[PDB]
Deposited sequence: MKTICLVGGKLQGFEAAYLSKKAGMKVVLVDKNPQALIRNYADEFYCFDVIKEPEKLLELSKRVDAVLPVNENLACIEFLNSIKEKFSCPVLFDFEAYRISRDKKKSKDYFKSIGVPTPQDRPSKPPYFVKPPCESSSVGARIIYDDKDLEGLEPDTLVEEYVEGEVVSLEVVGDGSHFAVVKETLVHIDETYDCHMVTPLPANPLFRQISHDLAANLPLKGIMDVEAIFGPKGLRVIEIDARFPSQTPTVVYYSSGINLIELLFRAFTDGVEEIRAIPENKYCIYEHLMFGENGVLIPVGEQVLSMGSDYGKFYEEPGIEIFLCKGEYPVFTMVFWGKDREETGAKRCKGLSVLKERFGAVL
């Protein structure tokens, strides 16, 4: 039995913990917040700040099989980079790839350098899409309908179409492009639902090439919009993602935690077909169910399993109003929809 140490106990941490459990691994959480979101979901919880008390983490690295950073605190990531040679186990992270992926402008320069289409910068006609250069979860992302308009903000052409995610796990030499998923967006451009998509040869080749040219040793997701004039890559994020890996697990049978672990041990090779519906629903006043995105879920107080039966998993995120994360799967759309209705009827 393997043990994984996660640094970060919010949504990235949940995803990693969830898949580690599916892989039969013990989950050790480190987080500076005494009431970190997934503290009760982990098998062990150690509350400390890794920057303030690095020896505690280094000692933990002697007792676990891998350390996985699952936060986007640049201070933390940069600090871990500075001490990574001192770890007694592998650190499942690509610090160079993250340096590029975290900065949307640097990422776009990277896309351009290898001929990957990406939205036009500073268009002359509305609507414009605007976003910060270094946020996540669509924080600060908004549409602007007139040139009546902020610091180092990205201003792009608004590309209408499906938002599609693809994960790649690299071992430095081989790059495993995994499973396409559809990102369902809400009025805030946050993601409230994920479903799987059939293979797209072009997107897979593009994603392979983005990983290969680094070269990636770690995990990265690639996001593109299938726009009216073709695919446009909007961003990359070289860290363990939330939401999509659960859909990847059920739709493809691939456990991204197992794959990432393999990349830092035995290596990876390049290359199920079920349906899966993954969504978040808030239980509002008078029991009115409301779709919400990650920004809402990340404001919760306690996150863990609520219910399971065949083809149905439900997680409850406690807080001001409860948020349920619902996972449904089956052989096809029809059966999965049937499981969705059963899951909803439970609520």
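Visitor: If you line up the deposited sequence with the model, which stretches have no C-alpha coordinates?
Guide: 150 to 153, 276 to 279, 356 to 363 are the stretches of the deposited chain that have no C-alpha coordinates in the structure.
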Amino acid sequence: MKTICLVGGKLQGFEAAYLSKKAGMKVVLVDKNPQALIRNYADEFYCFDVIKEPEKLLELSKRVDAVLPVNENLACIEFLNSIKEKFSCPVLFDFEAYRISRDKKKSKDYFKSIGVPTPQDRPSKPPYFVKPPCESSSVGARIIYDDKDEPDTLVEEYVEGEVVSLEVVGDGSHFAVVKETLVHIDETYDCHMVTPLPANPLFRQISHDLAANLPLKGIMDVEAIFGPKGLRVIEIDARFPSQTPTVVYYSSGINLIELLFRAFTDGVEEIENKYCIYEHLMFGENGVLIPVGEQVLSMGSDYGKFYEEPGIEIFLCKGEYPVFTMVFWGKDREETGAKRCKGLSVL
From here on, numbers count along this sequence of modelled residues.
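Under this definition, the rigid core comprises the largest set of C-alpha atoms superposing within 1.5 Å between the forms.
Visitor: Please indicate which stretch deviates more in 5 other deposited structures of this protein: 92 to 100 or 150 to 158, judged by C-alpha RMS distance after a core superposition?
Guide: Higher average C-alpha offset in 5 other deposited structures of this protein goes to 150 to 158.
Visitor: If you average the CA temperature factors over each stretch, which comes out higher, 237 to 245 or 209 to 217?
Guide: Mean C-alpha B-factor is greater for 209 to 217.
Visitor: For the C-alpha atoms alone, is the average B factor greater in 334 to 342 or in 15 to 23, going by the entry?
Guide: It is 334 to 342 that shows the higher mean C-alpha B-factor.
Visitor: Based on the PDB record, which member of 180, 223, 187, 272 exhibits the highest Cα temperature factor?
Guide: Out of 180, 223, 187, 272, the record gives the largest C-alpha B-factor to 272.
Visitor: Highest Cα B-factor in the PDB entry belongs to which of 69, 284, 34, 293?
Guide: Comparing C-alpha B-factors across 69, 284, 34, 293, the top value belongs to 284.
Visitor: Going by the entry, which third of its chain does the Cα temperature factor of residue 318 land in?
Guide: Within its chain, residue 318 is a highest-third residue by C-alpha B-factor, going by the deposited values.
Visitor: Quick check on the deposited entry: does the C-alpha B-factor of residue 143 sit in the lowest, middle or highest third of its chain?
Guide: Highest third.
Visitor: Taking the C-alpha B-factors as the PDB entry records them, is residue 97 in the lowest, middle or highest third of its chain?
Guide: Within its chain, residue 97 is a middle-third residue by C-alpha B-factor, going by the deposited values.
Visitor: By its CA B factor, does residue 191 count among the lowest, middle or highest third of the modelled residues in the chain?
Guide: Residue 191: CA B-factor falls in the lowest third of its chain.
Visitor: Check where residue 120 lands among this chain's C-alpha B-factors and tell me if it's the lowest, middle or highest third.
Guide: As the PDB entry reports it, the C-alpha B-factor of residue 120 lands in the highest third of its chain.
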